[PDB]
Amino acid sequence: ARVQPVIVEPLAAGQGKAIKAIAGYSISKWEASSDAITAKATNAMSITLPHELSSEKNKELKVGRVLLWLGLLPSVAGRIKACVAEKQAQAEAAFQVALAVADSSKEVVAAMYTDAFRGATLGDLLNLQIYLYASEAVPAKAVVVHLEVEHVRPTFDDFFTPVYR
Amino acid sequence: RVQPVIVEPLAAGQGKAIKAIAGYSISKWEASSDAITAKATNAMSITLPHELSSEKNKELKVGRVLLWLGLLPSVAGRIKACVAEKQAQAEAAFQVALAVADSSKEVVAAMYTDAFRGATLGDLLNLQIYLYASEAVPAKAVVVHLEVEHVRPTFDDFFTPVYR
Amino acid sequence: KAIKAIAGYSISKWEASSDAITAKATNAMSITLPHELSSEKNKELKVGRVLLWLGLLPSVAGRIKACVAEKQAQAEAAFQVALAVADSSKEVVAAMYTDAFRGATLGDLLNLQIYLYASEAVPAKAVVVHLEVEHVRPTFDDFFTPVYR
Amino acid sequence: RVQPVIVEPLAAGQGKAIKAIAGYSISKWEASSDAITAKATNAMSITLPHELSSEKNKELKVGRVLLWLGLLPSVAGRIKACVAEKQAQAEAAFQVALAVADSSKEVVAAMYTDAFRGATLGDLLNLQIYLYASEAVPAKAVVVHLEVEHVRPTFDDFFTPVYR
Amino acid sequence: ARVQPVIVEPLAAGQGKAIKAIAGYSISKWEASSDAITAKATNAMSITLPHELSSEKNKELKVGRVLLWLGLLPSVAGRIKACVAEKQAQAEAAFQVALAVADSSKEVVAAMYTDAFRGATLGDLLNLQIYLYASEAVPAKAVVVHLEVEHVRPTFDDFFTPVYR
Amino acid sequence: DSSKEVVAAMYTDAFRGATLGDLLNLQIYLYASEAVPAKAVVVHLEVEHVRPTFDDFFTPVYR
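What the entry reports as its method is cryo-EM, with 3.8 Å given for the resolution.

This is the structure we're talking about:
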């Protein structure tokens, strides 16, 4: 019946292990700026592949895990939720099947879909659609949905282009 | 196994001294700001102390960087701060922001232990911390201390040769 | 067959659509690093090989040629000092120079602009240069940004 | 034995870097002066840089101390300088002076490798360098650099604990 | 208590060890001809990089040590001092922070900044500015400020140029 | 030539074993088909040669 004591230092923000990609997989980051949204209404947005990866080479890689996370303009008072999903027929219904969901209210603001993508093709995500919801009325540009993702290494990017070789 | 354990509740300033990785050094300097209105975002430039001004000195790799900020006690509401390059849209830095400090959160700091590795101090010039306020606040009520690792210059150990 | 990237590094591509061009007259285009690489962390990587080649909307006749050098007064002498030169006239439109920019910061690339020269004018957006720069892979390779953003 | 040997004639700035004895550090700082008339002696006070102002810092043993001074080229005649405590008779410091620098002498410096050992920086405050001039000279034409060993404070190696 | 004797032969001018660059570093020499200067006034001059090294390749090497030295027209009676420094706001003030300074009056006439450059980029020296001062009035061309310097080896000069390879 | 797709011309053969001092005893030539204004053309020699023993280091300071 040992009674181990323990100091519990709060971390300063930004400190942390900050995860690690499993080997053979290259991470890739990009953005999707928001539409203006009316209060309570749940606007939805297409994922758009980066032009870097818009090529039909890499459309058939394999996603490993997605780390959506969400910045804000530095003054939106209300809760603002978001997640990705199917091509849902009712935007509110989409949250009802969300495996995980970002929220302003939960200290950290990060979804991480450890599972429900591994290992679908990268190309199909264009079928998939992010969603978001907000209590406060929010003006355009105000929210910006980062999303990390990674693939198997796009191994054949490395060569330049031919002509004139 | 099931184990008992007992929480440490522990006093301010007790947090143990993080030490910069070996062969390095630290440069703490003040950075006062001004005015800053109701909701708008001030965008003060950063500036190295003159000890760092020597042209030899300017090209050293930065390591880790930190930014805690001591609010004057007499401020209502929330303020936040961030470090990123000169976007024309001053609020927009928070979107691209790597980490941000906040008053209401129990600790006000924003270490960027990645973010700036390998950066030359010379390019740390063209970097501007921003600010934001939930309220109108009196000028010079916020003083973003920050300090960077910068590799120690060979300069500190020697007297100058006497022929000057 | 194709030229492999140097083993320590990783190539990255972009686009740089040019403005409208007057006949005989020439005009600078600034390089602008793509959003990702602009970062202060990032704009201190070393650079090796670099090459550009430029597509044309096919409906344009006449010589056009491009070069890369730092800005100077004439804005039409840079061809004299240019280390290589893209052209439509040669069967290969490409121009490349493995030599000239070994050992350079990408941040240095900001201090130079590319040039064009039609023999006779073409409408805007008709020409689009493609830089294709080699550089050291980012330590940004790493992984996901820590979730406490 | 009789031996041949051959003189080194050697360029300014070639004199090898004296290094302060181990475990120490150096604090170089400027010290401009003013006015200074025909034969009279100005008596400027010395003042530590704010990095040294921290109250922890003020109590460290000094080691060696040096004082070279860069005359602006456009000065006629001779000038000299010295470091000693506030005698009421300002010229009189040269009498008690331990070592003095001089323009006409080929090298302008005045190390005091003894003299100040074990001195606290706090008492280095109440110490005033003097000046003297063989001629009238325009103000701010003489800038006594000096630097002291002072033992390195533990301060430079650590980030502050984040709770501020 | 040995009493060693010793002949002290004066060297003839030009004799001497004449220093040596530390390995991996290639020395490079060049010039900067003077403006006419009025007496007592302290004219200042831009360092201008040689066109050989004006290229943005080698702007980011690392200077090792600079050996300014100064020839004269063979009849300038007065003292003539010089040194390099910052972008100073008062040319006289610049000598007040000179680590070392050339002088006509000290037998040899050579500055050698063993320290305060190692190891800044070669490119930044364009920010730096030489200075000079003279008692006698001096006509143009009369003074010419040599300066040695060296870099890490500009290793990739060695290849020619492509086209047509 | 301008006419060939590559304007370069080079000759690894012709000047092996030659003093640079010998290069003084020769001149380059041009030939427009039709006239062009001055400074429009700029040749670039690019000569290989043995590295100087001037490599050495700093000139002795007693100049």
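**A word on the overall build of chain B**
Secondary structure assignment for chain B yields one helix and nine strands. Starting at the N terminus and walking to the C terminus, you meet the elements of chain B as β-β-β-β-β-α-β-β-β-β. Along the three orthogonal principal directions, the C-alpha set of chain B runs to about 60 × 55 × 30 Å. Split into buried and exposed, the 164 residues of chain B put 43% on the buried side. For chain B, long-range pairs separated by at least 24 residues make up 81% of all intrachain contacts whose partners lie at least 6 apart in sequence. A distance of 5 Å separates the average location of the 17 positive side-chain charges in chain B from that of its 17 negative side-chain charges.

**Structural notes on the overall build of chain F**
Summing up its helical and strand segments, chain F has one helix and zero strands in all. Here chain F has a C-alpha radius of gyration of 18 Å; the compact-globule value for 63 residues is 11 Å, and the former is much larger. Oriented by its inertia axes, the alpha-carbon framework of chain F measures out at about 55 × 30 × 25 Å. Accessible area of chain F: about 6000 Å², with a carbon and sulfur share of 57%. Positive and negative side-chain charges of chain F, numbering 5 and 9 respectively, have mean locations separated by a distance of 6 Å.

**Digging into the sheet that holds strand β5 (residues 65–69) of chain C**
Residues and elements named next belong to chain C. Across the sheet, four strands lie side by side as β3-β8-β5-β6; this open sheet has antiparallel pairing. Either end of the sheet is taken by a strand with one partner, and the two such strands are β3 (29–30) and β6 (86–87). Two strands pair when backbone bridges link them, and β5 and strand β8 (residues 113–115) are joined in this way by three bridges, in the antiparallel orientation. Bridging across to β8, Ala69 finds its partner in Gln113.

**Here's the deal with the pairing of strand β4 (residues 80–85) of chain E**
Residue and element names in this part refer to chain E. Among the six residues that make up β4, six are buried, leaving the element largely enclosed by the rest of the structure. Here β4 shows a buried face lined by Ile80, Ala82 and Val84 and a second buried face lined by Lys81, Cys83 and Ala85. One ladder, built from six bridges, connects β4 with strand β5 (residues 129–134); its direction is antiparallel. Following the sheet pairing, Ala85 is matched in β5 by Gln129.

**Structural notes on the arrangement of the chains**
In this assembly 11 pairs of chains touch, with chains B and D having more contacts than any other pair. Between chain C and chain D there is no contact, and the shortest C-alpha to C-alpha separation is 16 Å.

**What to know about the pattern of salt bridges**
Here the structure, examined in full by the defined rule, presents 16 salt bridges over all chains. Residue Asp103 of chain A pairs with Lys106 of chain A through a salt bridge whose shortest N-O separation is 3.2 Å. Between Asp158 of chain A and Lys4 of chain C there is a salt bridge, and its shortest N-O distance comes to 3.7 Å. Placement of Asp158 of chain A in the segment after β7 (144–152) and of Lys4 of chain C in the segment before β1 (12–13) is noted, with the two residues assigned to different chains. One network of salt bridges, in which partners are shared, links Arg79, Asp103 and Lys106 of chain A.

**Some details on the interface of chain B and chain D**
Residue-level contacts link 34 residues of chain B with 34 residues of chain D. When the area that chain B buries against chain D is broken down by residue, the three leading residues are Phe159, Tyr163 and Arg164 of chain B, summing to 27%. There are zero salt bridges connecting chain B and chain D. At the boundary of chain B with chain D, the tally comes to 16 residue pairs in polar contact. Of all the secondary structure elements, the ones that give two or more residues to the side of chain B that touches chain D are β2 (24–29) and β3 (62–66) of chain B. Ranked by the residues each element gives to the side of chain B that touches chain D, the list is headed by β2 of chain B, at four residues. Among the residues making up the side of chain B that touches chain D, the classes are represented as 18 nonpolar, six polar and 10 charged.

**Some remarks on the side chain of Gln15 of chain A**
When you line up the elements, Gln15 of chain A lands in the loop between β1 (4–6) and β2 (25–28). Engagement of the side chain of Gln15 of chain A in a polar contact is seen with the backbone nitrogen of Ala12 of chain A, the distance being 2.5 Å.

**Observations regarding the relation of the copies chain B and chain D**
For the pair chain B and chain D, the relating rotation is 180°, the translation along its axis is 0.0 Å, and the fit reaches an RMSD of 0.0 Å. Between the two chains, the operation in question is that of a two-fold axis. Minimal C-alpha separation from the rotation axis in chain B is found for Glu51 of chain B, amounting to 5.1 Å. The fraction of interface residues of chain B whose copies in chain D are also interface residues reaches 100%, indicating that both copies meet through the same surface.

**A look at empty space enclosed by the protein**
All names here are of chain D. With the rule as written, the count across this model stands at 17 cavities of 30 Å³ or more. Reported here for the largest cavity is a volume of approximately 110 Å³. Around the largest cavity, the lining is made up of 14 residues, and of these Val65, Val83, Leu124, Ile129 and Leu146 lie nearest the centre. Elements that contribute at least two residues to the lining of the largest cavity include exactly β2 (62–66), β6 (128–133) and β8 (146–151). Here the residues of the lining of the largest cavity are counted per class, giving 13 nonpolar, one polar and no charged.

**Overview of the interface of chain B and chain C**
On the side of chain C, eight residues touch chain B, which itself brings 12 residues to the contact. Interface area for chain B against chain C, summed over the two sides, is near 860 Å², with a carbon-plus-sulfur share of 46%. Inspection of the region where chain B meets chain C yields zero salt bridges. There are one residue pair in polar contact connecting chain B and chain C. Taken together, the residues of the side of chain B that touches chain C break down into four nonpolar, three polar and five charged.

The rules behind each value
Residues numbered from 1 in each chain as written, not as in the entry; some residues may be left out. Chains lettered and ligands numbered in written order. Part of a larger assembly, values for the part shown. Heavy atoms only, no water. Helix = DSSP H or I, 4+ residues; strand = E, 2+ residues; numbered from the N terminus. Buried < 20%, exposed > 50% of the residue type's maximum accessible area, 1.4 Å probe, protein only. Contact = heavy atoms within 4.5 Å. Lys, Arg positive; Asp, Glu negative; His and termini not counted. Charge placed at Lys NZ, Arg CZ, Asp CG, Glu CD. Rg over C-alpha atoms; globule rule 2.2 N^0.38 Å. Areas by Shrake-Rupley, 256 points an atom, 1.4 Å probe, with all protein chains shown as cover. Pairing = 2+ DSSP bridges. Salt bridge = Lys/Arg side-chain N within 4 Å of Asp/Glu carboxyl O. Buried area = accessible area lost by both parts, 1.4 Å probe. Polar contact = N/O pair within 3.5 Å; in protein donor to acceptor, adjacent residues only side chain to side chain. Nonpolar A, V, L, I, M, F, W, Y, C, P; charged D, E, K, R; others polar. Least-squares fit on C-alpha atoms. 1 Å grid on protein atoms, 1.4 Å probe; cavity = no way out; pocket = protein on both sides within 12 Å on 5 of 7 lines; lining within 4 Å. Points joined across faces, edges and corners; volume = space filled by probe spheres on them.

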